[PDB]
Amino acid sequence: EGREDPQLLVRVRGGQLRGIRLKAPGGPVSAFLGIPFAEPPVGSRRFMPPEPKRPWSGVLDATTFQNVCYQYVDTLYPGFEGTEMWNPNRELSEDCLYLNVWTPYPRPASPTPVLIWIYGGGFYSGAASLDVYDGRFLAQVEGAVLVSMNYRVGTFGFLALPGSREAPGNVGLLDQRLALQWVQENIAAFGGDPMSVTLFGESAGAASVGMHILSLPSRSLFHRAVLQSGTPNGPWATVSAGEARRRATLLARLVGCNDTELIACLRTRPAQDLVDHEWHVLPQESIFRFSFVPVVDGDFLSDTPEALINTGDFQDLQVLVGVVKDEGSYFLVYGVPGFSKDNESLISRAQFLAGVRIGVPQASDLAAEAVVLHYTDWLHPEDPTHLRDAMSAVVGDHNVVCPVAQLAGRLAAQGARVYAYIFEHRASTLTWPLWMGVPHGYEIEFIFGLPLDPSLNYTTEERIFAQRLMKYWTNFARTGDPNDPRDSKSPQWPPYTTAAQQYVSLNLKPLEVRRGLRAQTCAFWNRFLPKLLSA
Amino acid sequence: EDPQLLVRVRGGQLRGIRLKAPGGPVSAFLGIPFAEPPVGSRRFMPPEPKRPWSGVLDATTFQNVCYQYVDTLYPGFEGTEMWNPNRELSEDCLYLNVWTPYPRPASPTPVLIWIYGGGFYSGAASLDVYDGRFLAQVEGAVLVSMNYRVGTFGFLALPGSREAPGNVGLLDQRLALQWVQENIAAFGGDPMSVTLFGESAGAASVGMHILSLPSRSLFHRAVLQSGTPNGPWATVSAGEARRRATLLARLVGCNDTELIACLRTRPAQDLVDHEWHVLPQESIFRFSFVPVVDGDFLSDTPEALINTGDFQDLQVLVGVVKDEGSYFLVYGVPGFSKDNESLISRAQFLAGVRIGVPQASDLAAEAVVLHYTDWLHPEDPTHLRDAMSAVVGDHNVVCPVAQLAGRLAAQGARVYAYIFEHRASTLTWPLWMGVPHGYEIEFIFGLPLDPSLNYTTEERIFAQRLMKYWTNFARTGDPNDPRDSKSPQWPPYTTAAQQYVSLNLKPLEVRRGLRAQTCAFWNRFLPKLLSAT
Ligand SMILES: CCN(CC)CCNS(=O)(=O)Cc1ccc(C)cc1
Ligand SMILES: CCN(CC)CCNS(=O)(=O)Cc1ccc(C)cc1
Ligand SMILES: *[C@@H]1O[C@H](CO)[C@@H](O)[C@H](O)[C@H]1NC(C)=O
Ligand SMILES: *[C@@H]1O[C@H](CO)[C@@H](O)[C@H](O)[C@H]1NC(C)=O
Ligand SMILES: *[C@@H]1O[C@H](CO)[C@@H](O)[C@H](O)[C@H]1NC(C)=O
């Protein structure tokens, strides 16, 4: 050093870092990218719990994003920004345990509340380096210290032979946990406040956040949580020990492989071979189901999330949860016959019934009948536009809306301060067709403030709307309350309660308070369907 | 001797009476025997045609009411007593009544035949609410009503036995229908234009005449008010009728021939005393002795018959009142009473569901609770109370009606549907019960035309409107008034559009979907659930 920028030199537990001064529309921000927090989980370390990164010598260059965790890459619509925006934007490697810090420039002199982002992607994909997760805007406009980590996905992160020493399960969640510990120890060096840490995440990221709430060793590592369109409870976010074991051994067979021997053989397989067979282990033809996800191990998760949220005391927990208007639409083009992004996807009654079997793969013929009958419009039972929309609702309700409603209800009944929202604005920049509405994932670019980038062609009102959302999120992180104190003009966001069930609509219009989060329909999914399946 | 009041029928001569209606005189011929008295060894037996008589038979007064249970829940209370027998009880009760214009119609006049309800355990054609004088005076109708045996006397069955075949109360109805065919022209009636109408069990009877071949030659059109042959209460299987008949016999100290012989020695009231004790569950909207699927009068279950039926040349008017279930709640469901607002707890709602849906398994009862609960206010006692009423109304009447209408329309029938939503200003039941089961009848029969009953002028005009709909339907198969252009028109019910109309003080409003979502639950989902327990 000596001729470098003295404002970008920082020491952490493992050694010295040099970050980079980024340009944001409002001014500069500090970025420290590709900071290693674990020893590379490769070779004999594949499927193993991560170990803390061993100290390095000299100045680690922290000016670029590091490798993305080895993962399936989406092929359905090549070159289409709608899918490609979620695809890896750095080299795929098993050496991928790195994290990223964004702060104001110069760095804050007083301890600043920290936001930690956990990406989604069904636990089979994702990366902290995607453009939609750019932390520079929150850092610049709101003064946030923002952290995001890579964690192992797919087999690498979640293949488990429960009870074994060599593949104990949930190691991708342990990657996340190790990053949270890194923040506690080191974030003060960047001006961050380890006594004020808020997790947020979307989809599998949301489910991860929920699991950290439900896992005791994680509870000492953060203070507040935001769950966007995902939950630990529900049909996709976990598997039993038996089911993880069965999937792990099937995959082993499919790539040509006593747990020790089975795992030793798997560890000799090229990463890509595992990826190429990952989807073949699902027990049924299905959408919104992922082969390798957290396992109920009786360790990280001491019981099912269902049982844990039913018996947990969440007195000192503040939580923000919500959904987008059309959670299920995105998933339909990946498996339900009759659906495509390139046409209006009007479907027949027969295609609806078939689509229900795929969207609710665990349903008996009778439960499937219950779903079809509940979602049918009996005034227009053959109308193809309603059927298409009902198929979307089936998938979004089963997988996201009702699990969320269930989570908010249990958390609120048991001490938590809960705030709930529905996100209803469709980006003017959206490349998916109109019938898909506001699809899964499409609130993220607003929370992170992408509309502030002039090159992205968002409207003026969308720019203002993004600033509103950044305020809610950052005020929640700061105070546990999305409302602003210096502002009694704007309508207030009341907490979700069991008695009144209030949530707010997020759109271009000022906040509107609504009541009941699909109450009738979620009673069907959350109270009735389980009884029917268990008989 | 007024010759307008003297009629010769096949059995002999009758003398009727000239009554006063507010607008003019009418000719009434009351208590005409259409069958040999079903007494002694004829108890439980099919009716036989009345034998001829000498001289002039006095037909100026109502005959005895068929032996039946008499309600005692609210002694002296107008709301219940209005359904109670208003003449002496007797097993000698097979008589009919005819009202016509005075003087007797100059040309063959369309006939309306009323079949009273009362759950097949009660009822009488002599009730004030079934007074045919208004329809005859104002619309010029020829109106006919008959007594038919009810309870054990009409429906106790040992299926396959010669001495208690079942369905004899239905056979009483049919014999009266034959009597109309053979005799009504002497009163100025047109035997080639006969419309049946009936409410509750009467509506269900009408439906059974539709589904029974020998009846089909005796009428041309049908009106079913708040009742259907299909559904959970109107019929029993042969096994279950046999079970009930033998249990009742056992209860009164009684091989089929021997068993029925002993039952025939028992005084009528002894049978009535134990009538209710044979129901398999504590329940409401369930009756002990009802039509039986015998493979004779009913060749299969009504549901099977409506599904396969060809109903091309049939015209049918069907409908329900706004609060079908409320009347039944006070007869067994804890928490309910006419003398308070009947606000109930959640536990009372679950308990009430088991009583109102007595055949439901735990899971099926659970499904009913979750469907009807308002999950925004799961413990609001006002909603729970109104939900309880809706469960009973939907299960027993509304959804069976919607099912019947849909099957009939799909299979060629001309169908008109209504919901009756007007609560009479004179109603003596409390407000929470809304428009209860049975409370459209007094309007259809034109009772608000009686100045001494104190209906509002609006209600008087409303009554005349309904009398027009009903008699226009009888005349033409279409309730719309030809002298009236756009009113708007009452459209036929179809499976596609599902149109029905609201009957109230406001002009007709056309609606689509008769509890469509909820009836899918009852009509499509629940049976599958139970057929898997
Ligand atoms: C939009 C949000 N996510 C990331 C958070 C993007 C994509 N992943 S997804 O799980 O949402 C849908 C999906 C499912 C199955 C396959 C094969 C492909 C895509
Ligand atoms: C309201 C109309 N009906 C006649 C058409 C009057 C009563 N009969 S009912 O079946 O409607 C209700 C009922 C049921 C069971 C008991 C013991 C008492 C009353
Ligand atoms: C939409 O596209 C899919 C896939 O090409 C196809 O199966 C479906 O038939 C299409 N719908 C229509 C009506 O064009
Ligand atoms: C928006 O700006 C212009 C169109 O006016 C175009 O050149 C550019 O590609 C657009 N930006 C994006 C990313 O859509
Ligand atoms: C209404 O009356 C019945 C019987 O008289 C009683 O059981 C019920 O508790 C009453 N409802 C009230 C006042 O809550």
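FYI, side chains are in, hydrogens and waters are out, and symmetry mates aren't considered; it's all heavy atoms of this structure. Chain identifiers are assigned alphabetically (A, B, ...) following the order of the sequence lines, protein sequences preceding nucleic acid strands; residue numbering begins at 1 within each chain. First listed ligand is number 1; within each ligand, the first listed atom is number 1.
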- atom 9 (O) of ligand 4: protein heavy atom closer than 4.0 Å? no
- For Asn343(A), atoms of ligand 3 separated by under 4.0 Å from a heavy atom: 1 (C), 2 (O), 3 (C), 8 (C), 10 (C), 11 (N), 12 (C), 14 (O)
- Checking heavy atoms under 4.0 Å, the part of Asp71(B) that sits near ligand 2 is side chain
- Should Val292(B) and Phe155(B) count as side-chain neighbours, where that means a heavy-atom distance under 4.5 Å? no
- Note on the structure: min-distance protein heavy atom vs atom 3 (N) of ligand 2 -> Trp83(B) CD2, 4.2 Å
- Message: For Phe77(B), does the six-membered ring have the charged nitrogen or CZ of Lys338(B) within the cation-pi criterion, i.e. under 6.0 angstrom from the centroid and within 45° of the normal?
- Response: yes
- Which protein non-hydrogen atom lies closest to atom 1 (C) of ligand 4, naming both residue and atom, and how far is it? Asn457(A) ND2, 1.4 Å
- Message: Taking 4.0 angstrom as the limit and counting only heavy atoms of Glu199(B), give me the atoms of ligand 2 inside it, by number and element.
- Response: 5 (C)
- If you round to the nearest 0.5 Å, how far is CG of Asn147(B) from CZ of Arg87(B)? 11.0 Å
- Item | Closest protein heavy atom (residue, atom, distance) for atom 13 (C) of ligand 4 | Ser455(A) O, 3.9 Å
- Look at atom 1 (C) of ligand 2 and say which protein heavy atom is nearest, naming residue and atom and giving the distance to 0.1 Å. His437(B) O, 3.3 Å
- Message: For atom 13 (C) of ligand 2, what is the closest protein heavy atom, and at what distance to 0.1 Å?
- Response: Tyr121(B) OH, 3.3 Å
- Item | Test of ring centre spacing under 6.0 Å for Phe352(A) and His386(A) | no
- Examine the proximity of ligand 2 to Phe287(B) and report which part, side chain or backbone, both or neither, has a heavy atom under 4.0 Å away. side chain
- Identify the two heavy atoms, one from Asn87(A) and one from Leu130(A), that lie closest to each other, and give their separation to 0.1 Å. O-CD2, 3.3 Å
- Message: At less than 4.0 angstrom from any non-hydrogen atom of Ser340(A), what atoms of ligand 3 do you find?
- Response: 1 (C), 2 (O), 3 (C)
- d(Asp326(A) CG, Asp389(A) CG) to nearest 0.5 Å is 8.0 Å
- Please work out whether the ring planes of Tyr121(B) and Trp276(B) are parallel, tilted or perpendicular, with thresholds of 30° and 60°. perpendicular
- Assign the ring pair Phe443(B) / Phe420(B) to parallel, tilted or perpendicular, where the plane angle (0 to 90°) is split at 30° and 60°. tilted
- Nearest non-hydrogen protein atom to atom 12 (C) of ligand 2, with distance, is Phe328(B) CE2, 3.5 Å
- Task: Classify the contact between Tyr327(B) and ligand 2 as side chain, backbone, both or neither, using a heavy-atom distance cut-off of under 4.0 Å.
- Result: side chain
- Task: Give the intermediate values and the outcome of ring pair (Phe, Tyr, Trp, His ring centres under 6.0 Å) for residues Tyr95(B) and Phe62(B).
- Result: CA-CA 9 Å; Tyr95(B) 300 84; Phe62(B) 279 121; over 10 Å; no
